[PDB]
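Here is the structure we will look at, set down as structure tokens.
Number of protein chains: 2
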Amino acid sequence: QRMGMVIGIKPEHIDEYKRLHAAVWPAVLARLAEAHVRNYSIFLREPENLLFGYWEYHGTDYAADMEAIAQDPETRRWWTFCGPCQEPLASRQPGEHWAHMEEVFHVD
Amino acid sequence: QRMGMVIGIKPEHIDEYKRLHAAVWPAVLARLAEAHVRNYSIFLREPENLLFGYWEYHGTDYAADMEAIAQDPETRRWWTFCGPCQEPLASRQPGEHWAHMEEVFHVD
Ligand SMILES: C[C@@H]1O[C@@H](O)[C@@H](O)[C@H](O)[C@@H]1O
Ligand SMILES: C[C@@H]1O[C@@H](O)[C@@H](O)[C@H](O)[C@@H]1O
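If you want it as structure tokens, here you go:
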């Protein structure tokens, strides 16, 4: 199961966001691996100031594993650093931070 | 070597683009596999009307393998169908159709 997601970034915080992601906290990464998230990349587009996340989810209840992460206190502290850098899409659903995208094509 | 890329889509052509990609021409996929492109997905975001492509490139000279594809006669015919659906970013470099993104994070 593949997922693509999208969020805005504030241009004045792009360097800070890159610095943070050069050394993502081990507790954050372990909590992501425990929720069955693998092969996870984030891409940046300037000048449109968009972040594209891609990951492969090997779990069996996505909505639960995501709420697991959402309450990990170390991940919530990490989000106090990343969040201010980001600009959630005005068009997202209630409850979304990153906005989900629809897969329209895959080839192995 | 992971790569992320982005292009616009015209909302009036979204259904046609999805239909085309439900059965991508076998010659197009063969030329992509022979250029060492693997694990290739395309995601769509409405309402921002953005397409996000992700692939993993196991080749040795990216700029050459991309040029090989760009001259394949069957791929150029295929692009006469996809292209009219797309809206290349006004901000892209000369020579780009899809605009490349910068990887800022990966975890396995
Ligand atoms: C490791 C990643 O770091 C930031 O980019 C967050 O927005 C993501 O939710 C994730 O925690
Ligand atoms: C298979 C893919 O199909 C369309 O989306 C094109 O824009 C891509 O370049 C690629 O050929």
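Line by line, the protein sequences give chains A and B.
For the first sequence, the entry's author numbering begins at 2 and goes up steadily by one.
For the second sequence, the entry's author numbering begins at 2 and goes up steadily by one.
All C-beta atoms in this analysis are idealised placements derived from N, C-alpha and C, irrespective of residue type, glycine included.
| Asked | Found |
| --- | --- |
| Through-space distance from residue 57/A to residue 96/B, alpha-carbon basis | 31 Å |
| Check whether residue 15/B and residue 52/B have beta carbons under 7 Å apart | no |
| Which of helix, strand or coil DSSP assigns to residue 78/B | helix |
| Residue 86/B CB to nearest heavy atom of ligand 2 below 6 Å | no |
| Min CB distance residue 59/B to chain A below 7 Å | no |
| Contact under 7 Å by Cβ, residue 45/A with residue 103/B | yes |
| Identity of the residues DSSP links to residue 63/A by a beta bridge | Residue 63/A is not bridged to any residue. |
| CB contact check: residue 55/A to chain B, cutoff 7 Å | yes |
| Contact check, residue 60/B vs residue 6/B, beta carbons under 7 Å | no |
| Burial state of residue 109/B, where buried means 16 or more other Cβ atoms lie within 10 Å | exposed |
| Counted within 10 angstroms of its Cβ, other Cβ atoms place residue 66/B as buried (16 or more) or exposed | buried |
| Residue 96/A (DSSP reduced to helix, strand or coil) | coil |
| Inter-residue spacing [alpha-carbon to alpha-carbon] between residue 13/B and residue 36/A | 38 Å |
| Span of the beta strand (DSSP E), counted from its first residue to its last, around residue 45/A | 38-46 |
| Coil, strand or helix - residue 25/B by DSSP | coil |
| Cβ of residue 5/A within 7 Å of any chain B Cβ | yes |
| Per DSSP, cross-strand counterpart(s) of residue 88/B | 9/B |
| Closer than 7 Å to chain B by CB, residue 8/A | no |
| Contact test: residue 83/A Cβ vs ligand 2 heavy atom, cutoff 6 Å | no |
| Segment limits, beta strand (DSSP E) that includes residue 57/B | 51-58 |
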